[PDB]
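Asks: Here it is, the structure, as structure tokens.
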DNA sequence: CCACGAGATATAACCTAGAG
DNA sequence: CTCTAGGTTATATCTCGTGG
């Protein structure tokens with residue numbers, strides 16, 4: 001219900017395998033480890049979205065400001 | 001509670017300039033454009049997290065999976 | 001399930017002006 | 001007076017195979 005590691009949520013999201021979350025994302029199993037090994041801060045949110053999407057949840061990017069908040073609603077990968 | 005361009009949220013705050021953000025970001029006031037002229041999807045989760053901090057905001061990334069959600073928290077200086 | 005080697009383009013970056 | 005847009009350089013993010 002709070003995590004620093006993408007792999008750690010996949011384990012929380014049933015028996016999701018690294019080669020299955022690879023398969024739906026149209027890329028290698030290699031790429032996917034290099035993903036959850038990667039610094040998130042040095043992940044493009046697209047490449048992040050693509051993943052959480054791959055586990056069948058939707059990535060909600062809020063920019064808070066004391067009251068005025070801003071939800072970030074941008075899609076369309078290459 | 002907007003949803004579109006980064007410039008939009010700056011604009012949306014006090015009439016802050018991409019100059020004195022750039023400053024609080026310590027990069028050119030060029031980049032800051034190339035940021036808001038960019039495709040979010042192809043931007044580093046921190047790039048944003050940085051921009052949004054600079055506007056006195058707190059970037060909040062959730063990956064919600066129906067009933068439960070996972071707030072992403074990965075913070076240790078580059 | 002990670003490294004081992006291999007290799008794109010473009011993200012993140014500069015400064016110096018040029019369009020709005 | 002503010003942003004976009006030349007003109008350049010590059011570190012690593014994003015890709016891949018196959019084999020620790």
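Any read-out appearing in this document is the output of simple, stated calculations on the displayed coordinates, not a laboratory observation. Cβ placement follows ideal geometry from the backbone for every residue including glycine, while neighbour counts extend to all protein chains displayed.
Asks: Among A:10, B:17, B:31, rank each residue by its count of other Cβ atoms within 10 Å, from fewest to most, as a rough exposure measure. Spell out each step's value before the answer.
Replies: Values: A:10 22, B:17 11, B:31 14.
In order of increasing Cβ crowding within 10 Å: B:17, B:31, A:10.
Asks: Where q = 0.15, 0.20, 0.25, 0.26 Å⁻¹, what log10 of I(q)/I(0) comes from the Debye formula for chain A, counting one point per Cα?
Replies: With no solvent term, the Cα-only Debye profile gives -0.56, -0.94, -1.35, -1.42.
Asks: Give the angle, between 0 and 90 degrees and rounded to the nearest 10, that separates the Cα long axis of helix A:45-54 from the longest principal axis of the Cα atoms of chain A.
Replies: Helix A:45-54 and the main axis of chain A meet at about 60 degrees.
Asks: May I pose another question? So the label point sits 7 Å from Cα along the Cα-to-Cβ vector; using that for residue B:19, what distances do you get to the other copies, in nanometres, sorted shortest first?
Replies: For residue B:19, the other copies' label points sit at 5.8 nm, shortest first.
Asks: Something else now. When the helix-only estimate is applied to chain B (DSSP H runs of n ≥ 4, each -39,500 (n - 2.57), divided by the residue count), what is the mean residue ellipticity at 222 nm, nearest 500 deg cm²/dmol?
Replies: -11500 deg cm²/dmol
Asks: Can you tell me the FRET efficiency between residue B:64 and residue A:7 if r is taken as the Cβ-Cβ distance and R0 is 22 Å, rounded to the nearest 0.05? Please report the intermediate quantities before stating the final value.
Replies: Numbers: r = 18 Å, r/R0 = 0.83.
Efficiency at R0 = 22 Å is approximately 0.75.
Asks: Hey, in the GNM for chain B with a 10 angstrom Cα cutoff, which one of B:56, B:66, B:26 fluctuates hardest?
Replies: Among B:56, B:66, B:26, the largest mean-square fluctuation in the Gaussian network model of chain B belongs to B:66.
Asks: So the label point sits 7 Å from Cα along the Cα-to-Cβ vector; using that for residue B:39, what distances do you get to the other copies, in nanometres, sorted shortest first?
Replies: So the distances to the same position in the other copies read 2.4 nm.
Asks: Continuing with the same structure: At a threshold of 8 angstrom on Cα-Cα distance, excluding pairs fewer than six apart, so keeping six or more, what relative contact order does chain B reach in percent?
Replies: Details: 49 pairs, mean separation 14.5, N = 78.
It rounds to 19 percent for chain B.
Asks: Quick one: label points 7 angstrom along Cα→Cβ at residue A:67, distances to the other copies in nm, smallest first?
Replies: Once sorted, the set of distances for residue A:67 reads 3.6 nm.
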